[PDB]
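So the structure is just underneath, and the comments pick up after that.
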Amino acid sequence: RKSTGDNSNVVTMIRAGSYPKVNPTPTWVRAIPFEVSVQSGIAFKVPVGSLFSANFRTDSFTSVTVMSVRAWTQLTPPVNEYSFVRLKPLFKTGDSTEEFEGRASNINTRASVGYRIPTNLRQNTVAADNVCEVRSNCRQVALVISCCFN
Amino acid sequence: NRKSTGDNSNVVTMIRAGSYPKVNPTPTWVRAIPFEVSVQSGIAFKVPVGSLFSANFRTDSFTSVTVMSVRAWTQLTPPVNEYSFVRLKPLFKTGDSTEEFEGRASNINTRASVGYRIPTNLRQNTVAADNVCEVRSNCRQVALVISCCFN
Amino acid sequence: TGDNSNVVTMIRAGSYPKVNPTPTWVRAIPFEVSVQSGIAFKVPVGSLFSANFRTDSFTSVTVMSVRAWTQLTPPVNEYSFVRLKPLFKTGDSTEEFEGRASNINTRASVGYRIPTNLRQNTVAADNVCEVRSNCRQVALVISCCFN
Amino acid sequence: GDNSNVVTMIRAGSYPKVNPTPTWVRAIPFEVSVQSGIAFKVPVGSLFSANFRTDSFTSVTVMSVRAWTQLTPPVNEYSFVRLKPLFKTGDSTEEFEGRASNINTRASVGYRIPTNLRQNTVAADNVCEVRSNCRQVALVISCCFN
Amino acid sequence: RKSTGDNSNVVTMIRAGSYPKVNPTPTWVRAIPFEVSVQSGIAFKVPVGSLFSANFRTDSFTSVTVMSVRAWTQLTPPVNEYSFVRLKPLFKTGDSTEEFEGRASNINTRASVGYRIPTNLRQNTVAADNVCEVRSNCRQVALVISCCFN
Amino acid sequence: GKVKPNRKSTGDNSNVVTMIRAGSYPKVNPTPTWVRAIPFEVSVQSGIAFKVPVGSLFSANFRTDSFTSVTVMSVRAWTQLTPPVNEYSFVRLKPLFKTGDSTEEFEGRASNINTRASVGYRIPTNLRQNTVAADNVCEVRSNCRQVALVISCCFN
Amino acid sequence: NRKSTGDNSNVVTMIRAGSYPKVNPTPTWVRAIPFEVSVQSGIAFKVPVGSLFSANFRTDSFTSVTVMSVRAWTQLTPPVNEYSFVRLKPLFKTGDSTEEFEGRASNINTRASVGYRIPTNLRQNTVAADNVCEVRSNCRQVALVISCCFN
Amino acid sequence: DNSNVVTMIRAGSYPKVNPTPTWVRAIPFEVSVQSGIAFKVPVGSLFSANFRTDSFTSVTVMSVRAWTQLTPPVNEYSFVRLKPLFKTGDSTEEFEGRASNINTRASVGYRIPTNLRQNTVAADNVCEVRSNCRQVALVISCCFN
Amino acid sequence: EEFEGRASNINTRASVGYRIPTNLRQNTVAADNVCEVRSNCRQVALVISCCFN
Ligand SMILES: [Mg+2]
Ligand SMILES: [Mg+2]
Ligand SMILES: [Mg+2]
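Chains as they are written, first to last, in PDB author numbering: chain M, 10 to 159; chain L, 9 to 159; chain J, 13 to 159; chain K, 14 to 159; chain N, 10 to 159; chain I, 4 to 159; chain B, 9 to 159; chain H, 15 to 159; chain O, 107 to 159.
Take a look at the structure:
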């Protein structure tokens, strides 16, 4: 039968009022997953521009406030080795020297690690800027960046 | 309660991330899209859903949308001696409606406003080729604010 | 003790309200169909739009539940029965909701409710369901929302 | 049951009492033209039309009448509108008047018909006299079609 | 009288009454398992018709309301890669763009995605229709679709 | 106990597709069992019992042609046609079992000629084994030439 | 009241019967059937079900019976110097058992008894041709008492 | 108890037995009746292999119920009377019942008090039946012994 | 019924089983069979909870 309260099955009028405040191009909190190629014994600078793309619905943005960064190895490690990945946060005001590392305990398993950016270091970064250096015995690294597009 | 409320520190801190989660590069997005449409005095006007997908709204990677409710305002002044008015007639691919949700301005200098909610049992996707509602008014332009889910 | 005035009273009206000259209408529409022995009859949604029901002004409707009764006596020695197979534009069903009489002189009846996820609009060209019966006519009472 | 996502059987019983032409409580919006200094008699027939889904009715029990000035007033003047209820058993002499305190704003007033006077009216009957300095008055009539 | 306040070991009479409502062809809520072949870099469209088959006892149905969809990689991934799988729901009233993706964190383990269809999109579907686009680096994906046959 | 409160409702619902963080591949079964009330009719001669074949339960008309076995739980019967002139309808059921047929004659008679007669019987749990198309459910005697059955059973 | 000292009356009364009820001229009747069986030394005797069906038990009208529990007693004195004993090996059409539920008398002049219950999942009907169990005993006769459900 | 295999019974002394016990029943059987003529129902009708009671020679009747088994004469509503009978003395009641729908059975029954519940053999009569329908259906609650 | 079970790790066994309802727990002899077994693996290992009698 379905209820009649009221009635919940047909269009109903909305007693709107004054025109509100609008914004066609609002912000957007997201977790952007993407991968990068990494060489052995060399750090790779993760460019912020990768966060802007139609593949994420974010190419309408030009700046992004990074909150946290997480990385997983995306390919198998060398023979006899265990996957490992490292993150060195970068900042326009001053690059860091931390090497947040994670090593797999099962060769067949990924190695993972992340780092949170404190509030006092949460600013906008443009495509030209770099998020962090990535090091890994695996040739590709899977990244998942929590950030705020604006 | 209270205290730290998480971490609240001044430098980067490690995250003991684990197994690669479930991700989605192209998620959904619930939005309130504002956009205008020109109208003539005496003729209805079908609002194309294709107006909701546009780079002006960041809703450009989408091809389908589920509309929840529609609200309309007269964007321009009415003719001389008249009070603004605006009508909305919901439209559905399964069967157009005959409602004419109408609102009128009680002050000539003020907008007319009206809107309608779409019940859950009629909230299916619409693409660019589909329509939303017929709009009537004595004002030559109508401002729409449409609550919908992009997917 | 519950009566108000005996003369007209003023209404301190305000700003012109939101109005709708053509509202919706939740109804229970009764109508009959003619059914042949052993042949299913597609009930046309267009039957619901008619001045006989004050619904000639609608072109769409949301059906909620369908109830059916046999309108005429069944064949000799037989008991009445009636069957409803829901029909949907998105995918016809194969259910055969059947009710039977226990007294030859009595009507057979059965109905089916439509879940909220399948309650979209239908126009005259569409069909509600299939009807089968040993009786030659079936009386239906369709609960529906005109809009 | 609502939680169901498919059709479910109904164990219907006796053929119920039915009515293909039921009644309907409505708020009917429409406008009427008015000349300066002349009262206009509102016809009940303006309530029976396929613009209101009511062309299938012939009688209606009016409950309350509300009016708003639909067009601007004369220069220098504030809008006003009056209503004199009319009844077949004897017209009234009240002039329920409302005025706008801002020239750009509509003037509004309405009256309630008491229970004892809520009888049917037909297309030839008249609801009330409308007076106004604006040339068109919008009316909303809460009534019961039957 | 059963067996004196027990479960009884004998047939017992039922005082049946009027002939009830009946339905020889009732609805059926099911969780259908089946596999689909997926190649590299291309999306496969899952045909709703795969749900109608005598291998699921459902060849008597011509329409079905789908509720949820779960995918699992059915074969091992390419050398050095971690399995993954994506799911893009499809609807007649408007295909979606979500690429619900799930990856494996162990090369020898499956990757699992799943997505639920809201109620307002739970309409029937026939064999000619489709359910979703499947992507995966594995040559085959196992699917378990929770649906309602009617 | 105290199952009185609570509500759940999946914490309300939404309007768009949502991800499911599925896990391991579950256990599955493409050809599961099915509990059913199967309605069908059988023709009866006057004063001659008719053995109801179990094979009637397996038919595409009931969506069960894919089953070759079934466990019967309860049998209910109704006279499907009018009785003889001057007679009140009646129907008898005699349960049949492979391990030993019964001699019961569960009988129900109409108290109005225009009305159906009805009766049914319940199979105890210690007799609810499987049956195939060739086996029989019960005998059916009646004064009406057709009997309507509704057999509550579990298709496996 | 009414008839003055009714309810527990010494007179006939009227029953306001209604619709004709569901009848069954051949119900089931659960029983405890006592009967004897002759036994030879060192030889097992298969007890036939068709010993439950006899006008001596009013059961000549049944053809099938569901056995629930079997009980046995030595019906004649045992050999010289011996204590009575009796053994039961349950038999089933779905598969014969190998148990030997045995009893013995602690006084030579006293009967030896024993029994076994049939679990629910094994309580199907049995016809005359079938067997219930095997009986062994040093006494030339055993008395039985079977709890069974005729139908 | 709750198991799936035979279990032993620690039986004791041989118990009291009875191979031919009593039996409480609700025997149904039909009898022809002529118009304006009462029919004496024979207790013998209660002893038959159709009821499994062919082994009883006596029975204690407790209550008798009757339903018209065939349709009534044209224009007439069905009815049926019961007159209890006893060896110690026949009664003169006529517990009557009349159908309120020509298509419906007429029904009436009577209950026997404990002081009149002695045994009756085949040659004994339970009651006289009268009706306008040529056949009457009887359900007798009785204790076979 | 075809009660199936698959392994989420290639190196790991796939497992599944079925319960027999009380009403179907009769005796079975050597000639009888218990169930059919299908598998892509060449050898399957069983564990049958049963009551010998
Ligand atoms: Mg790795
Ligand atoms: Mg005005
Ligand atoms: Mg009669």
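Don't be surprised by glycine CBs; every beta carbon is placed ideally from N, CA and C.
Is any non-hydrogen atom of ligand 1 found closer than 7 Å to the C-beta of residue i, if you look at the structure I gave you?
i: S92 of chain M; result: yes
i: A113 of chain M; result: yes
Confirm the yes/no value for this check: CB of residue i, any heavy atom of ligand 2, distance under 7 Å.
i: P86 of chain K; result: yes
i: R119 of chain K; result: yes
Would the beta-carbon of residue i fall within 8 Å of that of residue j?
i: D138 of chain K; j: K97 of chain K; result: no
i: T106 of chain I; j: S69 of chain B; result: yes
i: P29 of chain B; j: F65 of chain H; result: no
i: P42 of chain M; j: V31 of chain L; result: yes
i: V45 of chain B; j: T134 of chain B; result: no
i: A120 of chain H; j: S92 of chain H; result: yes
i: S77 of chain K; j: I126 of chain K; result: yes
i: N159 of chain K; j: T74 of chain K; result: yes
i: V47 of chain I; j: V140 of chain I; result: no
i: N89 of chain I; j: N115 of chain J; result: no
i: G123 of chain M; j: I23 of chain L; result: yes
Just checking residue i against ligand 3 - is the residue's beta carbon closer than 7 Å to any of the ligand's heavy atoms?
i: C147 of chain H; result: yes
i: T82 of chain H; result: yes
Problem - Contact residues within the stretch 81-98 of chain M, judged by C-beta distance below 9 Å to chain N - result: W81, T82, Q83, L84, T85
* To do: Pair every Cβ in the stretch 81-88 of chain J with every Cβ in the stretch 46-57 of chain K, then say whether three or more of these pairs are closer than 8 Å.
  => No contact exists between the stretch 81-88 of chain J and the stretch 46-57 of chain K.
*asked:* Along the stretch 107-129 of chain L, where does the CB come closer than 8 Å to a CB of chain M? Name the residues.
replied: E107, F109, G111, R119, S121, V122, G123, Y124, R125, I126, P127, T128, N129
Does the count of Cβ pairs from the stretch 127-145 of chain O and the stretch 141-151 of chain I closer than 8 Å reach three?
no
Say whether the stretch 122-134 of chain I touches the stretch 12-21 of chain N, bearing in mind that this needs 3 or more beta-carbon pairs closer than 8 Å, one atom from each stretch. yes
Self-check item: Members of the stretch 51-66 of chain N near chain I, C-beta cut-off 7 Å
Solution: Look at the stretch 51-66 of chain N: the residues with a C-beta under 7 Å from a C-beta of chain I are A63, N64, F65, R66.
- Got a sec: which bits of the stretch 36-51 of chain N sit with their beta carbon under 7 Å from any beta carbon on chain K, in order along the chain? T36
Residues, ordered as in the chain, of the stretch 19-32 of chain N that lie near chain B by beta-carbon distance below 9 Å | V19, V20, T21, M22, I23, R24, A25
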